[PDB]
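S.K.: Protein chains in written order, with the authors' numbering: chain 1D, 55 to 430; chain 1r, 2 to 56; chain 1q, 1 to 145; chain 1I, 1 to 176; chain 1a, 1 to 70; chain 1B, 25 to 179; chain 1H, 2 to 318; chain 1A, 1 to 115.
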Ligand code: SF4
Ligand code: SF4
Ligand code: SF4
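1) Using a Cβ-Cβ cut-off of less than 7 Å, give me the residues of the segment 172-197 of chain 1D that come near chain 1H, in sequence order.
2) Please list the segments of the beta strand (DSSP E) lying wholly inside the segment 40-117 of chain 1H, counting only runs of 3 or more residues, in order along the chain.
3) DSSP beta-bridge partners for residue 73 (chain 1D)?
4) Going by DSSP, name the residue or residues bridged to residue 380 (chain 1D).
5) Please say whether residue 261 (chain 1D) and residue 285 (chain 1D) have beta carbons closer to each other than 8 Å?
6) Unbroken beta strand (DSSP E) runs of length 3 or more, entirely within the segment 111-162 of chain 1B: which are they?
7) Taking Cβ-Cβ distances below 7 Å as the criterion, which residues of the segment 39-53 of chain 1A are in contact with chain 1B?
8) To the nearest angstrom, how far is the alpha carbon of residue 176 (chain 1I) from that of residue 378 (chain 1D)?
9) Should residue 8 (chain 1q) go down as buried or exposed, given a rule of 16 or more other Cβ atoms within 10 Å for buried?
10) Is residue 150 (chain 1B) near ligand 3 - that is, is its Cβ less than 7 Å away from at least one heavy atom of it?
11) Residues of the segment 74-95 of chain 1q with a CB closer than 9 Å to any CB of chain 1r: list them in chain order, please.
12) So for residue 92 (chain 1I), helix, strand or coil by DSSP?
13) To the nearest whole angstrom, what separates the beta carbons of residue 244 (chain 1H) and residue 166 (chain 1H), a pair I think is in contact under 8 Å?
14) When we look at the beta-carbon of residue 303 (chain 1D) and count the other beta-carbons within 10 Å, is it buried (16 or more) or exposed?
15) For the structure I just gave you, are there three or more beta carbon pairs, one from the segment 163-174 of chain 1I and one from the segment 16-25 of chain 1a, closer than 8 Å?
16) Ends of the beta strand (DSSP E) at residue 40 (chain 1q)?
17) Nearest-angstrom Cα distance between residue 364 (chain 1D) and residue 119 (chain 1D)?
18) At a cut-off of 7 Å, would you count residue 3 (chain 1I) as near ligand 2, judging by its Cβ distance to the nearest heavy atom?
19) Can you pull the chain 1B residues whose beta carbon is under 9 Å from the beta carbon of residue 218 (chain 1D), in chain order?
20) My output table needs one value for residue 121 (chain 1H): the three-state DSSP class, helix, strand or coil.
21) Look at the alpha carbon of residue 27 (chain 1A) and the alpha carbon of residue 37 (chain 1H), and state the distance between them as a whole number of angstroms.
22) Under 8 Å, Cβ to Cβ, is there at least one residue of chain 1H near residue 32 (chain 1a)?
23) Kindly say whether residue 62 (chain 1H), judged by its beta-carbon, lies nearer than 8 Å to any beta-carbon of chain 1A.
24) Among 413 (chain 1D), 221 (chain 1D), 293 (chain 1D) and 194 (chain 1D), whose alpha-carbon lies nearest the alpha-carbon of residue 104 (chain 1D)?
25) In whole angstroms, what separates the C-alpha of residue 70 (chain 1I) from that of residue 76 (chain 1I)?
26) What are the boundary residues of the beta strand (DSSP E) that residue 140 (chain 1q) is part of?
27) Does the distance between the C-beta of residue 140 (chain 1I) and the nearest non-hydrogen atom of ligand 3 fall short of 7 Å?
28) Please name the residue, chosen from 196 (chain 1H), 147 (chain 1H) and 57 (chain 1H), that lies closest to residue 274 (chain 1H) on a Cα-to-Cα basis.
29) Around the Cβ of residue 157 (chain 1I), are there at least 16 other Cβ atoms within 10 angstroms (buried) or fewer (exposed)?
30) Verify the contact flag: residue 87 (chain 1I), CB atom, against every heavy atom of ligand 2, threshold strictly below 7 Å.
31) Can you tell me the Cα-Cα spacing of residue 17 (chain 1r) and residue 31 (chain 1I), whole angstroms?
32) When we look at the beta-carbon of residue 141 (chain 1I) and count the other beta-carbons within 10 Å, is it buried (16 or more) or exposed?
33) Three-state secondary structure (DSSP) at residue 194 (chain 1D)?
34) Go through the segment 182-267 of chain 1D residue by residue and report every complete run of the beta strand (DSSP E) that reaches 3 residues or more, in order.
35) To the nearest angstrom, how far is the alpha carbon of residue 23 (chain 1H) from that of residue 47 (chain 1I)?
36) Determine the chain 1B residues that contact residue 81 (chain 1D) at a beta-carbon separation under 7 Å, and present them in chain order.
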């Protein structure tokens, strides 16, 4: 189905078109990601997280990177953290662009989809400029980013961020004031306060329900403490509130870009500890310690001390986290991925009750279910 | 980069000054012929007093 | 006044594109009538144009050649006739044509850039690049001893 | 700090209520989306003319692998197998042999793209910049056996794609 | 470049042209210049039979004026 | 000459075929979202003359984009067999080409070709929107290079 | 005589074909895309390319389908759309018809029956549901469409389509029944099954609605049928409200004016298709029975006493 | 018989289109292609089970209302009579009667989807 948002088997036991049961058979995409995680080293494990959810490229390994070096008792350089949060906010824009437009795609009108995918492609343009590829950067690594941004990249970021605020207003003009959008959306799918966090929901799902919680503010990570921004808090917990919070989060994301752009500090790009981060190419071809470390780092990987951690960041959907469990060797032992969609799709049965077959099409888009992440 | 008359039409149908800045990109971007960089050294690049046991 | 200005721009368009024959050639093959400065012309006949005044991503463009290595391509085309020196300029990986500064010429680089040979008999085939590992004991040539 | 998103009780004033009634009876906010959509129609489309026109790229782009060689002609690879040890999908298979002279490079260097991930890890793992992620995204084909290259074509790919990467690593050697 | 839209309309508008004047031209041709006479009531229909009968060639669309009578 | 006539009708058939082929709205993993990236106004799927239709009774070319799994396998073969002839299949990304990053995984079939015939293997992981848009072009060239009614004449 | 029939039928098919191009192209320009332009100049050859490829595509006959029922419906859909083009008051109508609108209304209701039958004839969920959403869609618009139709022509004098040109004459009819045209235009949107009211198709909700088992030629007759339906009923709303002047000595002067009136109005049908989300057929019968019906009575009462109000009873002849 | 000629031509022209779209464009069916569509998987097995309405109440009211509009179709001719006084009252009386029936159903629930 095009409204399936990818692949899943959603069996409805419905009379007329009132859905009585909506059992979401999941796993049609299943890759044993955590199992292949077990056999690869931490450096080889980085691209795995980049492919959990197809909406947030480096928001994921940001959680994975935070899992490793914080367990390693190592911190990234201050400049690197600013790059991470800047691109994490750009990544936050990446999901929200089709978290709302593809929502509108299944809802009906297709033009909003093509309005902002142009601007979404520009964020891909800087993505490919500063990283190796368009989507799967493998950029954010434990101990810091892979390499420095190209010269002139920030100026392009400034122009795009300058032009972007004039585009959420384009979507919001199209949809928010529209009665046709509103009627299909307002009061269609509601969660109360208690069942919201009882069902394990996170991010927009709680924020739309008025729950006063956001990971960036409550449990700041990286350099997010110094940045200043607002978190939109819903009042009804319905689809209209969540879409409105998603729109406002995009505007607040742009403000974070402005502060990040004007507060980029000088310094390096990765932790100076060469045992956790590869040394520079010039030193690797000249100095012994750089070469021997580069050889062993790119053949064994940094030895992570034994232990367990549950670092979780504010993913654009929810509280995407990883329960990294290290046995002390150069490869991880267990790594279970916390998927905000997993809880959101679990609650899909609770959301759809008395609504019709077109409304459940609205709900499975308001949680922004992605099936590489909801399924792992 | 179009006629003035339609620019009024687009500016009035959308009710906003789109001509100040547009979705498409133009020569305001940075040229892709950057001079060679001079990437900095790290804090631990000190030539002395850099024993690993202290960091 | 601006209305007839764009009308003469079209009248300039047909005139500048080699009269009627060239305009109908590019309209039906190049799918576009825009006119740009002749930035360069490689050895394969591929005609290249540059228009810095247009919006980004439509500044540098290519009119493909009608012949390449006996693979007549006047009508059909693909994104692989571009030679390596110019392929970076087309994708604006750089703001320099190879004409301004040619790449460092060395012995081993190809003299004739090729395209996807898939489907054609020149297509690649996987094969073992290693020698035999366990050679068998050769039977004796002599008859029964 | 937080910003409340959705509550604004509408004024029940005669002027304000007839605004909502006029908005309801006479579709006004409804035609607002209709009207702006007209304004966006007159915008010239942002479509490139493929393959006559190709999208913007950057020097640090990951494409098809291409084994390069020294200016003298000797291929850079020295069979350290670091690319094989790092390759997150084990797309590299390496065998080595000291043949006669200063040219023991590979018995076998097979890169398996349909297994490969295009992470580029092999490129910066190489101590001699032998294996690189080329700038050519355009290497599609019709047969599955095509999508894997042998060691020879990696050399041919590095031979055929030589000017682009030589300039690309020239511009990017300080960044990495 | 919405002026590329107009070629779609140009043929389409011309495509909508054909059944318009043709339905007038064939009516003009089959009725000899004068337009197709319509008969929504008995009086009009009873007329066409009288015009068909009086003409003497069994055509309603050929009319004899004052020269017919003497 | 009969061969001249059959060639002319041959030219009519493939030109309509390659101009008006309709990719399936089918998407599985990372490749699918980049597939709709080029459908965005930057690269304009539709300007090449194609439109997205949903059901098998609707489309021309299957566009397999994403990881193929054991559980996904029965439906993909069912939906592919459900497409009326002529029908073509292109294989997005390393994962669908064969195995991919999860080639060794227990829950991934090593190759969409192991399940469905494939015309073109478009590489990249994810393939850039440029690369696969050529893959459609290569299929247009491949559709051009046929002799369906011509081989019938000499059959 | 038959030469007039072919000149009435054949141009519509080409006009319908070129509607697919503009459908895919003005939408794209209205969507930052460039639309089909690779096939011939500016894509004008694409409608041809669609036609042969669809015809040469394999027809499909699902195993659980009723064969005779599967074939009669596509015939009914295309034939009614084509025969819908005979009675319009285009300067010289093919058939003068005392009950012009009743002929218009009767088979417009029969048109949905082809839409209706194909759903179950294909024998699956995704078409049975789409067929039943066609029931509710025509539950809504039909109960009111006759009321708007009666109201607008009650000032005309009779049901004859030809008298519309005489009735309008000096000024546009919309100037006298603008809230009726508000009623009429988007209710035609609700019968043509276009974007805001295309629940019978339902792209996102149920794959394709009453089209899922249809392939190749049956669609080609179905695609042309609903494209012919929108243009014809738009030409109906063109004369109903925007009728131009007609000089008997120069009938071609009416054609050029009428064609643009039904063409610019058509651009609207493509205009709403881009900008508006989808009505759920719940609110579709809800809206057309909650606000639409009570309102359309009021102007119907307004439009009957008002000819008696000002002694402006139109003549029947 | 002019309407018959165009009706005959119209249904004929439709029949040629289905005729050459069923024989000319090849034929190859191997069962699973011929099978019904269930978004990729195999249906539960039916398409014939009662698909009970949830709006059955409004369906019958449509019959009453679509019937009663046929009572006021003669309105354009009913205006041109010598007795527009009783014509005005009677024709008005019908519209209030439909209005009352719609109002009656509206108040006692009705139009809203029965659950
Ligand atoms: S990008 Fe390089 S290292 Fe990574 S899988 Fe591909 S070939 Fe191996
Ligand atoms: S390509 Fe580089 S990393 Fe790989 S074996 Fe050769 S020298 Fe070592
Ligand atoms: S090939 Fe890469 S982008 Fe495509 S589905 Fe597999 S992991 Fe995702």
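Every residue gets a Cβ at the ideal spot worked out from N, C-alpha and C, and that includes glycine.
M.R.: So, from the data block:
1) 172
2) none
3) 68 (chain 1D)
4) 361 (chain 1D) and 386 (chain 1D)
5) yes
6) 112-116 and 144-146
7) 40 and 41
8) 29 Å
9) exposed
10) yes
11) 92, 93, 94 and 95
12) strand
13) 5 Å
14) buried
15) no
16) 37-41
17) 12 Å
18) no
19) What residue 218 (chain 1D) touches in chain 1B: nothing, since even the nearest Cβ is about 16 Å away.
20) helix
21) 30 Å
22) no
23) yes
24) 194 (chain 1D)
25) 6 Å
26) Run containing residue 140 (chain 1q): none; DSSP gives neither H nor E here.
27) no
28) 196 (chain 1H)
29) buried
30) no
31) 16 Å
32) buried
33) strand
34) none
35) 18 Å
36) 95
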